[PDB]
Structures are given as C-alpha cells and as structure tokens.
Amino acid sequence: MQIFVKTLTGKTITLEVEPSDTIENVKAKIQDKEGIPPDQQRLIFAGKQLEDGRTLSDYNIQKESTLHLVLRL
Amino acid sequence: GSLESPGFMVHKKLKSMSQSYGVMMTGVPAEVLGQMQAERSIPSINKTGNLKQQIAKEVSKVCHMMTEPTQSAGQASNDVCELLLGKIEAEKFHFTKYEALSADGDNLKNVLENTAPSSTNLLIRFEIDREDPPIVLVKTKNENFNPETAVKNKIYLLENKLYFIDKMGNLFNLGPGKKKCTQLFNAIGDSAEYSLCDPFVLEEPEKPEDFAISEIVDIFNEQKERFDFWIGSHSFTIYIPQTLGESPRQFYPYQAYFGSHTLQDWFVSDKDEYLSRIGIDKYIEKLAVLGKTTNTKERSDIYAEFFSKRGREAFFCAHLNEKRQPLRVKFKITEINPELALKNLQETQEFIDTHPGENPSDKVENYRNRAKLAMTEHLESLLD
Amino acid sequence: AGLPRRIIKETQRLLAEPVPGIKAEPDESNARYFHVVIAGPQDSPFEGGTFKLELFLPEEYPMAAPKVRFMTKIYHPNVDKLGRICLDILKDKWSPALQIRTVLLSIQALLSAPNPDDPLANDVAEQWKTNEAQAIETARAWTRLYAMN
C-alpha cells in the first residue's frame, strides 16, 4: 500500500509500504527519499508517538493514511 | 585590506542570518506552520469537552515544536543544501551516492588536493551510520516458528536450526548443524527471550545457559560480515569556500543534532569557527579514526568533540551516551555556485523583511505569534 | 532464590564501592528499590544540596531500564512534575549492556549539566534557554529551600 508523510513546512511525501513493515523500515524509506537519518526523526499518527519495533498493522495504519514527521524532540 | 571571496561571503551571510532569524530561514509562511500543527494536534482534543480551553492548552504546549528551528541534523543539512544549491541541484545532489570514508580518510583528502583552493567552492555532506546488531535471542519450537511473521532483528534458536532475521526480514542460517543446535537448545532454560549483550552472562558465566548464549554470541560475531546492521544516525555538512591568492583553505562545519541543538544554536556558539581552527586535514583524520576505531572511549571522545553542543563535550558521549557500537562515516561532494547561493539568501531576507518589526527579534516574534494564531484559528475551524 | 543473580551482584558491587558523591542502598522491604542520595555537583547551581531519589528495577530489568525519580524538589529542565527523570539517550536506546552504576553516573552528570533541548519540564527548560542566569539563580534558591536538610 501507499501512505503519506507530512512535514510542518507543508511538504507531503508518498511511500510504498506493506502492513508488516516496521516503523523503522518506514523511517529508512523517508531517509532514502529525504536524506533524514532514522535517528533524527519521529513519526505521529492520530496523535500517537510510534515506536520503531512496532508494525503498521500494530497501529491499524491502512492505505492512504497520513503520518506526520516530527523533527524536534 | 582586500575583499573576501564571494564564496566566503556565502558563509558569512548564512551564519549571520541564521543567528538572527532562526526558524524564519525556511522561508515558510507562519500560517503554513500553524495549520500543519493544528492538523497534528486535532486528535488530542476531546470533542465533548471544553473546546476553547483544550485548544489553548494544546497551543501553549506545542508552541516550541512549532516556532523553534528544527533539531533534525538531516533537516538542517537539507536546509543548507537548498540555500547553497537551489531546489533542483539539491535534488540532484541528494540522488548522488555516498562514499565511505577510508580508514585514514585519504580518499576525501585526495579529492580536496586535486581541486585548487582558489578555483572552487565545495560543499561536503556527511552521514554517520551506527551498527545496531540484534540484542535478543528467542528460543522457540520449530512448530511455532514461521519466518514470514517472526519479529525482525532477532536471533532464533530452534531445535535444529540457528537463524538470524535482520531488520529488513532477511533470513540467515547461522550455520551450526543439528547436534550443536540440540545442545544449545537444551542447555538454555525456558524464559524465551534472552540477552545477547548482558555482560554478567557473557563475562561471568556460571551455568550452562550462560555458556550456550556465549557460544551463540561467538558464532554470530564470527560471521558478522555477512550482515548489514547499519542504521543512519547523524548528518552534517562542511563548506569550503574558495580562497584568494596564496591564502590557506578554510572549512566550516554546520550541523543540528536531535535532542541537543539547532543550526542556529550552533552558529550562535561559534563552534563552526572553533572547529575551523583545527584545519581540514586534522578534521578528516579524526573523522577517519572515528569510523575505524574499536575503542569506545576514543570513539566517544571524537564524537563529542565534533558533534556536541559547545560546552557539553565532557558529558555528550559519557556514561549512558557512550558510543559502544562501531560507526561509519560517508561523504559526498559538490561544487557551489556562490552567486546563486547569495541570491537564495537575499530572497530569504526579502521574505524575512515582509514581516513587521524593527529588530530581528521583533520579526521573529511576529512570525511566532502568527503561527500560534493560525493554529488556534485552524483548530477552531476543524472543530466547527 | 529471590532476585536474579545480576541484581544481587550489582547491588553488592555498588555497596562495596559507591559512586563518589552518591549514596545508594537497597530498601529492606523490597530489594528492587534503592534509596539514593546525590550531592549537588561542585560548580553547579545545585552545589551544597543533597537530593534524594528512588531507583526502581522493573521485573524485566535488565531488558527494561531502571525507573528513577527525585524525592526532593528541584528546578531542573529534565525532571518532570512528578520528579521522574528521563535517561536522556540521544540517537541510541537502552540495552542490557548498561548498568545501575551507569545510570547513577548519568544522573550526577545531568545535575552537573542540564539539557534544556531534551526537556521534561517545558516551562523550566524555556526559562533555562532564554534567561540562563535567571534559571541558575532559581535553581540555587530551590537548593536552599528544599535540598539543604
């Protein structure tokens, strides 16, 4: 499936993922698309902080969902 | 008293504007920021509660996340690249492949010695990876083990196999035969998950379970080379402007660091100038040691000296923050057109000047208040 | 027997050789709790004060980090409203390679050098970052009020 990642600056990124992909695999996809190392980024969905070990289905992220890239700790 | 080069004027303007204006350097209207943060924060608001008060509680809590400049080292490198290259050439630079810094860093030095200091303006972007090996061993029955659904980045001990599933899902047979695996499987207890990095079992084994886990750790270490544990960890840039005449070549490092500081804090602290004073050769040499050493203290010290918030070098990579895993330094290099970079900086200053206010502080405060008001308004609109 | 051999060994090693400037003793009710006293670091705004802490080893230690909270009030950007402290590991994560002693040294170091840009108390960290001198003086004042007895 395809998902979106938005930044505070308005930018939207599109990613091809599977539901068994971990959050860490998603961060590495963002790295390949934007040059942001996985350690320097957090992800948000429905106001929840995602953990690297969990999967997209562990959070019920389905097709065309929108995550938010957070670039401040 | 001649004039500095255009290439050096890029550094001076980038440093000065970033000190003064901060978060405004992105060139993104405050309204965009506020609306995006409203969209991030709308789930936290309970629609049956007090709406006005929940909105003001949310706005005053996530203010800094909005109106402070990024701490992402990656986003900071992107910002620098876009200012100095422009959007198009920065996209082409991003799809350029990273090179590994050699053991003594002579490949970077060699590139630098074949460009005349007077003829070019260089931008170098670095990425540091850290090893993140598996830390858990799972003892499971073969009948309960399906590689397609098993959790990734773990070592798995079955009755008859020893497998490693890496971060991406690759299945590696680690090699021991069935009798060895029967030995290891039955030497270990019934807790299911065991640690691969517990110094009390690895250095003070007292029961066969400890010795079996230790044998597994050794089997894994002896073939580490088959695997890829690298994960992208840090990012930064070095700018080398052209010199004029016989003047020696200077370099300036730029970075942000997650949970530590912004590019603006970096410039305000003048750590760019401080590291500049050691010279590019010394800098590359210590980068190469960082990527090559097996010693934790040496690794931690170089990392702290180079990447810490100024004034925290003594604590940055100490104790819990020690750098206990190997690191890998990668780089890519491109030429800078200083005319274009100065135009992007002037266009950003024109953006900044559209904000009412007399001193930089006043325009920054206009920007922040606009972001807060746009977020309050967009939340009010989303809640109808 | 009662507690895992790693907790028993760490406890006895801590008691035999304490961390300079840190008293750390297990509770007699439950040995997974440690009563800790950390002396305010020299040259820091907490100099002079003694700060009590509770350190808890969850059931899954050492795969889960210890849980540490201040029992003495403190004006620190990395202590939250309930006194809890985050262990402040940037671009890495907790692992059983780390120990109780490493945790204790890290807490002592965060006293010696607060980190406003990884805050648990956003207001305290903001006042730490804009008016550093004001936050330092406030820290000295709270050391006077709550940390010197």
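Just the heavy atoms: all of them, side chains too, but no hydrogens, waters or symmetry mates, feed the values below. A, B, ... follow the sequence lines: proteins, then strands. Residue 1 opens every chain.
No salt bridge links B:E206 with C:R6; every basic N to acidic carboxylate O contact stays at or beyond 4.0 Å.
Within 6.0 Å of the NZ atom in C:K9, the count of heavy atoms belonging to other residues, nucleotides or ligands exceeds 12. Other residues, nucleotides and ligands contribute more than 12 heavy atoms inside 6.0 Å of the CG atom of C:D123. Around the NZ atom of B:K330, the shell of radius 6.0 Å holds more than 12 heavy atoms that belong to other residues, nucleotides or ligands. When the shell of 6.0 Å around OH of C:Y146 is examined, it contains more than 12 heavy atoms from other residues, nucleotides or ligands. For C:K23, the NZ atom sits in a loose shell: 12 or fewer heavy atoms of surrounding residues, nucleotides or ligands are nearer than 6.0 Å. Within a 6.0 Å radius of CD in C:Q12, more than 12 heavy atoms belonging to other residues, nucleotides or ligands are found.
Atoms CG and NE2, from C:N122 and B:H64 in turn, are 3.5 Å apart once rounded to the nearest 0.5 Å. For the atom pair NZ (C:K129) and NE2 (B:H261), the distance works out to 10.5 Å, reported to the nearest 0.5 Å. Considering CZ of B:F200 and CD1 of C:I8, their distance stands at 12.0 Å, rounded to 0.5 Å. Between the CG atom in C:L98 and the CG atom in B:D198 there is a gap of 11.0 Å [rounded to 0.5 Å]. In this structure, CD1 in C:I89 is found 11.0 Å from CD in B:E322, a value given to the nearest 0.5 Å.
Using a 4.5 Å cut-off between heavy atoms, C:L87 contacts chain B through both its backbone and its side chain. In this structure, chain B has no heavy atom under 4.5 Å from any part of C:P4. Only the side chain of C:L110 comes within less than 4.5 Å of a heavy atom of chain B; its backbone N, CA, C and O stay farther away. If you measure heavy-atom distances from B:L320 to chain C, the contacts under 4.5 Å come from both the backbone and the side chain. Heavy atoms of C:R5 lying under 4.5 Å from chain B belong exclusively to its side chain. For B:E68, no part sits under 4.5 Å from any heavy atom of chain C, backbone or side chain.
B:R312 contributes a side-chain N or O that, together with a main-chain N or O of C:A113, makes up a donor-acceptor pair within less than 3.5 Å. Counting only distance, with no hydrogens or angles, the side chain of C:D92 and the backbone of B:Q325 share no donor-acceptor pair below 3.5 Å. Panel note: side chain C:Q99, backbone B:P199; no donor-acceptor pair is recorded below 3.5 Å.
Contact detail for C:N115 and B:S260: the closest heavy-atom pair is OD1-O, 4.4 Å. Closest of all the heavy-atom pairs between B:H319 and C:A109 is CD2-CB, 4.2 Å. The shortest non-hydrogen separation linking B:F258 to C:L90 is O-CD2, 3.8 Å.
No other option in C:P119, C:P114, C:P62 has as many heavy-atom pairs under 4.5 Å with chain B as C:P114.
C:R69 pairs by the side chain to side chain donor-acceptor pair (under 3.5 Å) definition with nothing, not counting sequence neighbours.
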Apply side chain to side chain contact (heavy atoms under 4.5 Å, CB included) to C:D118 and B:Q71, showing your working. CA-CA 10 Å; C:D118 187 35; B:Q71 299 174 331; over 6 Å; no

